[PDB]
Amino acid sequence: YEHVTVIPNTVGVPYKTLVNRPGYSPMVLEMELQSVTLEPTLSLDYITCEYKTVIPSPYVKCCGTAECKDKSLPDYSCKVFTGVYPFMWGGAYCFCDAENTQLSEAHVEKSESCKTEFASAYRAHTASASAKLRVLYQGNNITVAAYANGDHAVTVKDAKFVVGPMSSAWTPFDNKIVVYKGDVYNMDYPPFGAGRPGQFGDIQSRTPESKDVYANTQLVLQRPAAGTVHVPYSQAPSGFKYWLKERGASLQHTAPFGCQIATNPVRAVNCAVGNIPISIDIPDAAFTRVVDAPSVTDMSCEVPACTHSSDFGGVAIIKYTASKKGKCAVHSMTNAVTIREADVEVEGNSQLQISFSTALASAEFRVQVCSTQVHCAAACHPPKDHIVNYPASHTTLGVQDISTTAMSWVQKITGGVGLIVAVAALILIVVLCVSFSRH
Amino acid sequence: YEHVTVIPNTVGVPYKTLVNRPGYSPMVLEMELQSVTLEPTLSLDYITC
Ligand SMILES: *[C@@H]1O[C@H](CO)[C@@H](O)[C@H](O)[C@H]1NC(C)=O
């Protein structure tokens, strides 16, 4: 047998789905979402890290002049100066008072630290869904894992489960993302080869190991301090290290629906959006012919007390009489109320208790068991607490709601005098019809 | 659970107060006044003999 259902995309909220098959006892299964993972694409746009500035020993000269020869290196720069008269510990370096010259040059390269610490920019666009389910089958909890895209089919305990596709294509991610060691950020990185100094992307590297790099750091030299031998540099401050200082809030806090985000691999998990379709092919072995199930008769219901709450605040006692000892499923056919229990053993002329959750001020509903219906009417009361920690979406109430006793009040209010006014209009128009024929 | 009540200021007369809580069996408590003491201020104006 094949059964298809749909459930809200929520985690930790048990769901009852009643599959019925003529000629056999109908059975209701409990399905729970352990977690749902969304794996986005991974197109590594590039990486970046802190840079090291290499400035070899400056070239000094006397009574002669140096010269700049271009170097095919990133952001390589050079300069010359004249008239410098450096002094060392033992005295002047050389005699030429002003005929001397100084040549300096520098460049910037990647740091070995990049091999361990860095920030990587990807252009992830799409994603795939995988999920974990817990199912109450034959009186035991069973775990299943499958891709929640409507394609993956999984066989367990002789039954075939298919999940997905996700109703909503929404994702918390973005086309372009930047990832640190364990943090993710939605942020539009500058295009490769156009890094703006002092900002993210100031140095661009294709891979942590690729020797080729790109840089933009305005490396300008300056005239050295008089009387000293040294090289000054106007090295641009590293925007990469700085961006780590102003990273801002991570996406695990800014993600709508709070989809928890992990790494290695990067996934977004546990966000409630849309719903999921599930198709279950269940072999008939689990199915039991109706004759096998014990009968039921003399059904009475009572509610000693009930309390509409996020928990199972409602308790109902039912008196039942059955043919023989045996298991029997229990369900509520009204979505406004949910029942924690799935089935129960029935011996005969006995009673039982059931714990349920509702949201109506007055709970008036039918309950199905052993292919029989029993009414239940009660007046719940508001609990004391206004907010709770654990989640509970079972007790969902639409705009339609039970006015309870006040229902009668509005039923009494609905009475109007339109009938009498129409009667008066008819009477006047007829007594006029003596003179009013067809106008 | 919190319950508030008021009882006449009298001694030796038992009082029944029924506290009820939905979802549980209501319970009625017996409260009796053994005695009530009023201690006034003490500002010794003076003494004599
Ligand atoms: C299934 O999970 C529920 C959750 O609390 C647990 O109480 C129960 O013992 C588990 N096993 C079953 C229902 O067989």
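Table for the structure above
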read-out	value
Tabulated pairs, region B:14-27, first within 14 Å of chain A (Cβ to nearest Cβ) and free of Cβ contacts under 8 Å to residues at least 12 places away in the same chain, second loosely packed, with under 14 Cβ neighbours inside 10 Å and hydroxyl-bearing (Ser, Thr, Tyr), C-beta under 9 angstrom, 6+ apart or interchain	B:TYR24/B:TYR1
Whichever residue in region A:312-328 is surrounded by 18 or more Cβ atoms within 10 Å (Cβ to Cβ) and within 40 Å of the chain's Cα centre (by Cα) and, among such residues, is farthest from A:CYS370 (Cα to Cα)	A:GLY313
Residues of region A:296-310 satisfying the condition of being in a strand (DSSP E or B) and either within 14 Å of chain B (Cβ to nearest Cβ) or within 30 Å of A:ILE387 (Cα to Cα) (or both)	A:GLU302, A:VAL303, A:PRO304, A:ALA305
Residue in region B:38-49 that is within 16 Å of the chain's Cα centre (by Cα), β-branched (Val, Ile, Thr) and away from every other protein chain (no Cβ under 14 Å) present	no
Filter result for A:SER309 (out of contact with any helix residue (DSSP H, G or I) (no Cβ under 9 Å at 6 or more places or on another chain) and surrounded by fewer than 15 Cβ atoms within 10 Å (Cβ to Cβ))	no
Matching strands (runs of 3 or more DSSP E) fully within region A:103-162 where at least 2 residues are closer than 30 Å to A:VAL4 by Cα, within 30 Å of the chain's Cα centre (by Cα) and within 16 Å of the ligand (Cβ to nearest atom)	A:127-137, A:140-147
Residue match in region A:326-348 (condition: free of Cβ contacts under 8 Å to residues at least 24 places away in the same chain, touching a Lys or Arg at 6+ places or on another chain (Cβ under 7 Å) and either charged (D, E, K, R) or in a loop (DSSP other than H, G, I, E, B) (or both))	yes
Residue, farthest from the ligand (Cβ to nearest atom), within region A:163-176, restricted to residues that are closer than 24 Å to A:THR263 by Cβ and among the aliphatic types (A, V, I, L, M)	A:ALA169
Qualifying residue in region A:149-158 (condition: surrounded by 19 or more Cβ atoms within 10 Å (Cβ to Cβ) and not hydrophobic (A, V, I, L, M, F, W, C))	no
So A:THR358, is it touching a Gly at 6+ places or on another chain (Cβ under 8 Å) and within 17 Å of A:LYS16 (Cα to Cα)	yes
Region A:281-304: number of residues that are over 17 Å from A:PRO22 (Cα atoms) and either without any contact (Cβ under 8 Å) to a residue 40 or more places away in the chain or surrounded by fewer than 16 Cβ atoms within 10 Å (Cβ to Cβ) (or both)	5
A:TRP409, sole failed condition from (1) among the aromatic types (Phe, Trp, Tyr); (2) away from chain B (no Cβ under 14 Å); (3) within 28 Å of A:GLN138 (Cβ to Cβ)	(3)
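Here is a yes/no grid of residues against (1) closer than 28 Å to A:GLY150 by Cβ; (2) in contact with a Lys or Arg (Cβ under 7 Å, 6 or more places away or on another chain); (3) part of a strand (DSSP E or B):
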position: A:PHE257; (1), (2), (3): yes, no, no
position: A:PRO265; (1), (2), (3): yes, no, no
position: A:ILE276; (1), (2), (3): yes, no, yes
position: A:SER279; (1), (2), (3): yes, no, yes
position: A:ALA286; (1), (2), (3): yes, no, no
position: A:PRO294; (1), (2), (3): no, yes, no
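All Cβ positions, even for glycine, are placed from backbone atoms using ideal geometry, and neighbour counts span all protein chains on display. Read-outs: derived from the displayed coordinates by stated rules, not from any lab.
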